[PDB]
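Asker:
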Ligand SMILES: [Mn+2]
């Protein structure tokens, strides 16, 4: 019954969010309002290169952290400005120094994992 594939193509398939989430109340702007993090799922292809990139035996901790860094649009921990200021070229370390309250860091990770449709 000739199947209609237009729905699974770019000129159509609704695209992934850009979800704002207030990961921490310690980040505020000039007007005292919380600055939420902006997340946006990465691609399945990309999650694949990351897995490969962290396997030898997979470093999950590292794997997930890298996913979170890339799923996080604002702030992006790869930004030169953040690497400079926090004095580390490791975007995952930048994240640990920025989300310096345990719970925030754990929450950020999970939101990212969630934003990518996992569980
Ligand atoms: Mn105000």
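Numbering (the entry's author numbering), first residue to last: 8 to 63, 75 to 137. Ideal Cβ placement from N, Cα and C applies to all residues, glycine included.
Tell me whether residue 61, by its Cβ, gets closer than 7 Å to a heavy atom of ligand 1.
Answerer: The sequence position of residue 61 within the chain shown is 54, counting from 1. The answer is no for residue 61.
Asker: Can you tell me whether residue 9 is buried or exposed, with buried defined as 16 or more other CB within 10 angstroms of its CB?
Answerer: For this step, residue 9 is matched to residue 2 along the chain shown. When all chains shown are included, residue 9 counts as exposed.
Asker: From residue 127 to residue 82, what distance separates their C-alpha atoms?
Answerer: Numbered from its first residue, the chain shown carries residue 127 at position 109. Numbered from its first residue, the chain shown carries residue 82 at position 64. Answer to the nearest angstrom: the Cα atoms are 7 Å apart.
Asker: Leaving out the 5 sequence neighbours to the left and right, which residues in its chain are closer than 7 Å to residue 92 when beta-carbon positions are compared?
Answerer: Numbered from 1 along the chain shown, position 74 holds the residue referred to as residue 92. Same-chain partners within the cutoff: 44 and 45.
Asker: Just how far apart, CA to CA, sit residue 123 and residue 11?
Answerer: For the purposes of this step, residue 123 is identified with residue 105 of the chain shown, where counting begins at 1. For the purposes of this step, residue 11 is identified with residue 4 of the chain shown, where counting begins at 1. Whole-angstrom Cα-Cα distance: 44 Å.
Asker: Could you tell me if residue 109 is buried or exposed, where buried requires 16 or more neighbouring beta carbons within 10 angstroms of its beta carbon?
Answerer: Residue numbering aside, residue 109 sits at position 91 when the chain shown is read from its first letter. Buried, because 16 or more other Cβ atoms sit within 10 Å of the Cβ of residue 109.
Asker: In terms of residues, what are the limits of the beta strand (DSSP E) holding residue 27?
Answerer: Counting from 1 along the chain shown, the entry for residue 27 is found at position 20. From DSSP, the beta strand (DSSP E) with residue 27 extends over 26 to 28.
Asker: Could you give the first and the last residue of the continuous beta strand (DSSP E) run that contains residue 91?
Answerer: By 1-based counting over the chain shown, the position of residue 91 is 73. Element bounds for residue 91: 90 to 92.
Asker: Helix, strand or coil: how does DSSP classify residue 133 here?
Answerer: On the chain shown, residue 133 is found 115 positions in, with the first residue counted as 1. Helix, per DSSP.
Asker: Look up residue 46 in the DSSP assignment and say whether it is helix, strand or coil.
Answerer: In the chain shown, residue 46 corresponds to position 39, counting from 1. In the structure shown, residue 46 sits in a strand (DSSP, three-state: E or B).
Asker: For residue 128, verify whether its CB is less than 7 Å away from any heavy atom of ligand 1.
Answerer: Numbered from 1 along the chain shown, position 110 holds the residue referred to as residue 128. Residue 128: no, Cβ never under 7 Å from ligand 1.
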